[PDB]
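Structure record follows, encoded as C-alpha cells.
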Amino acid sequence: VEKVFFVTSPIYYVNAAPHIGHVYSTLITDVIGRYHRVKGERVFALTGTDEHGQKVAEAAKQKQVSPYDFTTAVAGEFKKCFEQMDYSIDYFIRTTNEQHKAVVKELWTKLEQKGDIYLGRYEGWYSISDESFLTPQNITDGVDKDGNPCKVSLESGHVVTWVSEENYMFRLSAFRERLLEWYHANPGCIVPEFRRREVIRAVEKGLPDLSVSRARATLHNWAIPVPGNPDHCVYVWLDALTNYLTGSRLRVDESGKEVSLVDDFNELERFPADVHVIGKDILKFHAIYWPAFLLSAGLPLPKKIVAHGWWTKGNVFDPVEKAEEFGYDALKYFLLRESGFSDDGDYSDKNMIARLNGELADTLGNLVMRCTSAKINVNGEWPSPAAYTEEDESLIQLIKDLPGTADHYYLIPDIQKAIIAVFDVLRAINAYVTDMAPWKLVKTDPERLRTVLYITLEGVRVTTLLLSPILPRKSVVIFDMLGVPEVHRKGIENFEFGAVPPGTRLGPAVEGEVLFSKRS
Ligand code: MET
C-alpha cells in the first residue's frame with residue numbers, strides 16, 4: 001500500500017521554446033510533489049521533453065540545423081526555464097536517452113508477444129502538429145500557412161493531411177470493455193469529472209485500432225526503430241507515453257543525472273503514477289491509449305489523470321518576465337488561484353495586482369506583521385495562552401479543521417480549492433484580530449493579549465504550512481519571522497494545533513523588511 005508518490009508532468013515538444021503552458025503544467029506537478037513531501041512521504045516528480053517525430057524534424061529542417069543539435073539545444077532551454085522558475089522536480093527525461101529507447105523496445109516487444117500488434121494500413125487524416133490520428137468528423141475547412149483552402153483539425157485548428165501507409169496496428173478496439181470497467185470501477189481516476197464523462201462517452205461510441213508505426217521516410221528518420229523491422233519507426237506517442245515507465249525505472253544521483261536503469265519497476269516503488277498532470281489537449285492519449293497499452297502489457301494502471309483547462313501548447317506572456325516584476329511565489333500563487341479547470345482567467349496585470357495586493361499583502365502579509373510587530377508582540381516570543389472565550393474557540397476550530405479540508409483538496413487534486421480554504425481561515429484570523437484589537441490590549445489587558453497573540457501566531461503557522469507548496473520561498477521567510485524550529489516545518493504531526501510550544505523566540509527583524517510589497 002505504501003510506495004514512493006509518483007507525480008508527472010507531460011513531456012513537452014521541443015519544436016519551439018518554453019512558454020506559459022509548459023510552465024503551468026510543471027508548476028502543478030511541482031506543487032503536488034511539494035505537498036506530499038511536506039506531508040512526509042517519499043516523492044518522485046518527473047518532467048521532460050518529447051524529442052522525436054515528424055514535426056520536430058521539420059522544425060529543425062527550417063532552422064537549418066540537424067535534429068540532434070536542435071533537440072539538445074531546446075531541451076537545454078527547458079531545463080534552464082525550470083531552474084529559473086524554482087521548481088523541485090526530481091528528474092528531467094528526454095526521449096533521445098538510450099535507456100528510454102531500451103524501455104520502448106522492451107514494451108513494444110511485450111505488446112507484440114501478447115498478439116496486440118499486427119501489420120495493417122492506416123488510410124485517414126493526421127495532424128502533424130498534434131501528432132494525432134483524426135476521423136473525418138474531427139476535421140473541417142480552413143487556411144494554410146500561405147492562405148489556401150485546406151483542411152484543419154476541429155480539435156486544435158492546425159493543418160491536417162491525408163495519410164495512406166502500411167503501418168503496425170495496436171488492437172485498441174479489443175480494450176473497450178476493459179477501459180469502461182476501469183473508469184466505472186475507479187470513478188476518481190480522471191479529474192475533473194466532466195472530462196471523465198467525455199472520455200467515457202468516446203469509448204462507449206467505439207474504438208478503432210491504432211497506428212503505432214510510421215514508415216521511416218515519413219518521420220525523416222527521427223524516431224525509434226521498430227524491433228525486428230528497420231523500415232518502420234515507433235509512433236511518437238507510444239514513444240512519448242512510455243517516458244513515465246522509463247522514469248519510474250531510472251536510479252538518479254545527487255546532482256540529477258541518470259545513472260542506471262532497473263529491470264523491474266518494483267525495485268524503485270514508483271510505477272504506476274499516482275498523478276499524471278496534463279493539459280486537456282492530450283486527454284485521449286493518457287486516458288484511452290496509455291491504459292490500453294498497460295492492460296496489454298499486464299502493467300499496473302495509474303491512479304489519477306488531472307487534465308487542466310489550458311491547451312498544453314501580437315500578445316506575449318512570459319512567466320520569467322512577470323516573476324521578475326511581481327515575484328516568483330506571487331506569480332505561482334496567481335496561476336494556481338485564478339483558474340480551476342477552465343481557460344477563463346483574467347491573466348491581466350489589473351488582476352495579478354488585485355490578488356497580490358488583496359490576498360498576499362493585505363490578508364497574509366499584514367497578518368504576519370501584526371503578530372510579530374514589536375508594538376504588539378513586545379517580548380518577541382510565542383506567549384502562553386490564558387483561558388479561551390467562545391469566540392477564541394470558534395477561530396481555533398477553523399484552524400483545527402483546515403488541514404483535513406486542505407488535504408482532501410490537494411489529493412483530488414484541486415489546488416485552487418485548497419488555496420481558497422486556507423485563505424478563508426486567513427480572513428477569519430484577520431477578522432478576529434480587528435475585533436480583539438491587540439494593539440489596545442497591550443496597554444489595557446495583558447493576560448488577554450497572550451491568548452489573542454497565541455491564537456494568531458498558531459493560525460498563521462498552520463495556514464503558512466499548508467500554503468508552503470504554493471509559496472515555497474515566502475513560507476520559509478514567514479517561518480523564520482515566527483521563529484518556527486526547522487523540525488516543525490513539515491510532517492503531518494505539525495498540522496496539529498499547538499505543535500510549537502509557548503516561549504519559542506521569534507526570528508530577528510530586518511530594518512524595514514516587507515514580505516509582499518504592494519504594487520500600483
Ligand atoms: C506523454 S506526454 C506528451 C505530450 C506532448 N509531447 C505535447 O507536448 O503535447
Side-chain angles (χ1 to χ4, degrees), residues 6-29 45-60 67 70-71 74-75 77-79 81-82 89 91-97 100-101 103-104 107-108 126-134 153 155-158 170 190 210 212 214 219 222-224 234-250 271-273 275-294 299 301-302 304-310 312-313:
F6 185 26
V7 63
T8 73
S9 82
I11 54 169
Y12 311 111
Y13 287 127
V14 297
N15 75 79
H19 69 87
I20 192 69
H22 310 308
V23 159
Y24 188 57
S25 289
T26 302
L27 176 60
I28 290 157
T29 305
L46 186 64
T47 194
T49 48
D50 198 343
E51 304 198 344
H52 299 144
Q54 192 172 326
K55 72 181 290 197
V56 173
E58 289 178 10
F70 181 75
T71 68
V74 172
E77 293 176 43
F78 273 83
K79 289 196 206 202
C81 186
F82 298 175
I89 306 303
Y91 185 67
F92 194 111
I93 192 165
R94 304 180 56 194
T95 54
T96 51
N97 181 281
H100 177 68
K101 297 170 178 173
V103 172
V104 171
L107 178 57
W108 177 285
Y126 192 77
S127 173
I128 292 145
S129 202
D130 308 315
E131 302 280 10
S132 186
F133 299 104
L134 301 166
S153 175
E155 300 183 342
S156 65
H158 285 109
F170 180 69
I190 293 162
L210 179 66
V212 291
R214 297 302 291 288
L219 296 184
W222 188 240
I224 305 167
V234 178
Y235 180 28
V236 72
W237 278 97
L238 185 37
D239 171 16
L241 289 165
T242 299
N243 91 95
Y244 303 135
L245 180 53
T246 302
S248 84
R249 288 170 54 188
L250 297 182
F271 205 77
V275 176
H276 288 301
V277 181
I278 63 171
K280 66 182 173 183
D281 62 312
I282 65 183
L283 182 60
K284 85 182 188 175
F285 309 99
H286 287 80
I288 312 190
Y289 302 163
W290 176 229
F293 300 140
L294 297 169
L299 286 169
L301 277 55
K304 277 170 193 280
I305 299 158
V306 192
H308 60 74
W310 294 356
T312 299
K313 44 196 190 306

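Whatever order the structure lists ligands and atoms in, that order sets their numbers, starting from 1. In this chain, residues are counted from 1 in sequence order. Values below: every heavy atom of this structure, side chains too, minus hydrogens, waters and symmetry copies.
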Sub-3.5 Å N/O-N/O distance, [X] and ligand 1:
X    : result
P10  : no
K313 : yes
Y13  : yes
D50  : yes

Tell me whether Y244 reaches ligand 1 (any heavy atom closer than 4.0 angstrom to a ligand atom).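 Within the 4.0 Å threshold, so yes.
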
Quick check on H286 - does any of its heavy atoms sit under 4.0 Å from an atom of ligand 1? yes

Do you know which two heavy atoms are closest between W290 and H276, and how far apart they sit?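 Nearest heavy atoms, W290 then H276: NE1-NE2, 3.3 Å.
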
Shortest non-hydrogen contact from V56 toward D50: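 Heavy-atom minimum between the residues: CG2-O, 4.1 Å.
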
Test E131 against every option in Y235, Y126, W237 by the side-chain hydrogen bond (donor to acceptor under 3.5 Å, both in side chains) rule and name the one that passes. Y126

For ligand 1, note which part of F285 has a heavy atom under 4.0 Å away: side chain, backbone, both or neither.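 The answer is neither; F285 stays 4.0 Å or more away.
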
Can you name the atoms of ligand 1, numbered from 1 with element, that are less than 4.0 Å from a heavy atom of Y12?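 So the answer, numbered in order with elements, is 8 (O).
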
Would you call the rings of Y289 and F293 parallel, tilted or perpendicular if under 30° counts as parallel and over 60° as perpendicular?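 Judged by the thresholds at 30° and 60°, the geometry between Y289 and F293 is tilted.
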
Which of parallel (below 30°), tilted (30 to 60°) and perpendicular (above 60°) describes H22 and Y12? tilted

Please identify each residue that fulfils side-chain hydrogen bond (donor to acceptor under 3.5 Å, both in side chains) with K101, with sequence neighbours left out. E98

